[PDB]
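Participant: Compute the structure for the input listed below.
(chains A and B)
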Amino acid sequence: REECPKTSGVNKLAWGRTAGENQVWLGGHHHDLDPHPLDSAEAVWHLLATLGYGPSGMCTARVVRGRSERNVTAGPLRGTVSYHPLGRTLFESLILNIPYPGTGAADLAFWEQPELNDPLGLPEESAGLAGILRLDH
RNA sequence: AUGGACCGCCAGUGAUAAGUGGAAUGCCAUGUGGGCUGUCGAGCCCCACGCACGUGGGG
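Facilitator: Numbering: from 1, shown residues only, chains lettered A, B, ... in the order given. Let me share the structure:
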């Protein structure tokens, strides 16, 4: 929230919503001027999408200790089809969704991290299931 | 008023140059169209004349 002078805007986050320079033609016209704010629930949906698939293009810059490279990387599984098996209810389906964690270091997710990530440095590896479920960072 | 409403795929362009289908070839040999046969009274009207048998002029 600090170190970022310009807000990206709701239209840049949500998918199917024409961001600032996009051509506005399809997916509802949004002039990026007085944009109708998304409800929080749909905001969570678009959020989860962006953490998964996300534009690999350069975006809003963030100076971090003197370094501003508005360049942004690509999503971790950008452009692939995920396969989740189902049952008759969400219960047994979610249970079959659990991948077998190989024996290794205990791991924790991004939303389970007691530490706030430092942008610089190496994203350390993670043998735990939270690192092979692509939710460590 | 519909995963919809609004909405160009589009600006340019020789298919070009050349070329015998050519040499030879009888549809030939045979055949009645025949018998019968003469072309010899309604015609519609007006008028004139008449011996009322018909005669004559005009359409």
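Participant: Look up the closest residue to the residue of chain A found nearest RNA strand B, ignoring the ones flanking it.
Facilitator: Per Cβ to the nearest atom of the strand, the residue of chain A with the smallest distance to RNA strand B is residue A:28, at 4.5 Å. C-betas here are computed from N, CA, C, even on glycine. Using Cβ to Cβ, 6 or more residues apart in numbering and skipping residues adjacent in sequence, the residue nearest residue A:28 is residue A:17, 6.8 Å away.
Participant: list the contacts for the one you found?
Facilitator: Residue A:17 sits next to A:10, A:11, A:27, A:28, A:30 when contact means Cβ atoms under 8 Å, 6 or more residues apart in numbering.
Participant: what does chain A put close to RNA strand B?
Facilitator: Applying Cβ under 7 Å from any atom of the strand, we find that chain A lies next to RNA strand B at A:25, A:26, A:27, A:28, A:29.
Participant: Under a three-state scheme, what state does the fourth one occupy?
Facilitator: Yep, that's residue A:28 we're talking about. Under DSSP: H, G, I helix; E, B strand; the rest coil, the three-state class of residue A:28 is coil.
Participant: And what about the residue positioned nearest the centre of chain A, helix, strand or coil?
Facilitator: A centroid search over chain A (Cα atoms, centre = their mean) returns residue A:51, at 1.0 Å, as the residue closest to the centre. For residue A:51, the assignment made with three-state DSSP gives helix.
Participant: and the gap between it and residue A:86?
Facilitator: Relative to residue A:86, residue A:51 is positioned 23 Å away (Cβ to Cβ, to the nearest Å).
Participant: repeat for residue A:116
Facilitator: Between residue A:116 and residue A:86 the distance is 36 Å, computed by Cβ to Cβ.
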